[PDB]
Amino acid sequence: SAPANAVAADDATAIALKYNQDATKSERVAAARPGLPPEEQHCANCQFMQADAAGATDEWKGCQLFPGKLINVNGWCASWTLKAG
Ligand code: SF4
């Protein structure tokens, strides 16, 4: 269920991050960051992605240093880094 403080695909911060809510429609494949292959890359397994951030819902969690807002686990951004990679 979408929080009010959802990071929208079209968020200004999202744009800066080249975030997508749905990683299967991210440029992640083009970016092909190291860690794991692009299709496995999403906020779900992003290095400093936090469940602990409060406000976090069903699909929605705290990204790294994305204050106030919550990203969708299924999403991705240019900063994506594996949990220990
Ligand atoms: S840094 Fe990670 S958790 Fe945050 S938006 Fe990017 S991929 Fe998602």
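For the sequence shown, the authors' numbering gives the first residue as 1, with consecutive numbering after it. A virtual CB, placed ideally from N, CA and C, is assigned to each residue, including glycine.
* With DSSP as the reference, label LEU17 as helix, strand or coil. => The answer is helix: DSSP assigns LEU17 an H, G or I state.
* In the DSSP assignment, what residue or residues form a beta bridge with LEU82? -> In the DSSP secondary-structure assignment, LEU82 is bridged to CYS46.
* To do: Check the C-beta distance from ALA51 over to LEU70 and give it rounded, since I have them as a contact under 8 Å.
  => Going by Cβ atoms, the distance from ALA51 to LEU70 rounds to 10 Å, so no, they are not a contact pair.
* Asked: Would the C-beta of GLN64 count as close to the ligand SF4, meaning under 7 Å from any of its heavy atoms?
  -> Answer for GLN64: yes, Cβ within range of the ligand SF4.
* Check whether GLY75 and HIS42 have beta carbons under 8 Å apart -> Their beta carbons are under 8 Å apart, which means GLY75 touches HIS42 by this criterion.
* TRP60 beta carbon near the ligand SF4 (any heavy atom closer than 7 Å) -> Because no heavy atom of the ligand SF4 lies under 7 Å away, the Cβ of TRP60 does not count as near it: no.
* Asked: In the DSSP assignment, what residue or residues form a beta bridge with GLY62?
  -> BP columns for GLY62 point to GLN50.
* Run the proximity test for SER79: is its beta-carbon closer than 7 Å to any non-hydrogen atom belonging to the ligand SF4? => The beta carbon of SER79 sits closer than 7 Å to at least one heavy atom of the ligand SF4.
* For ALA6, which residues does DSSP report across the bridge? -> Its beta-bridge partners are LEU70.
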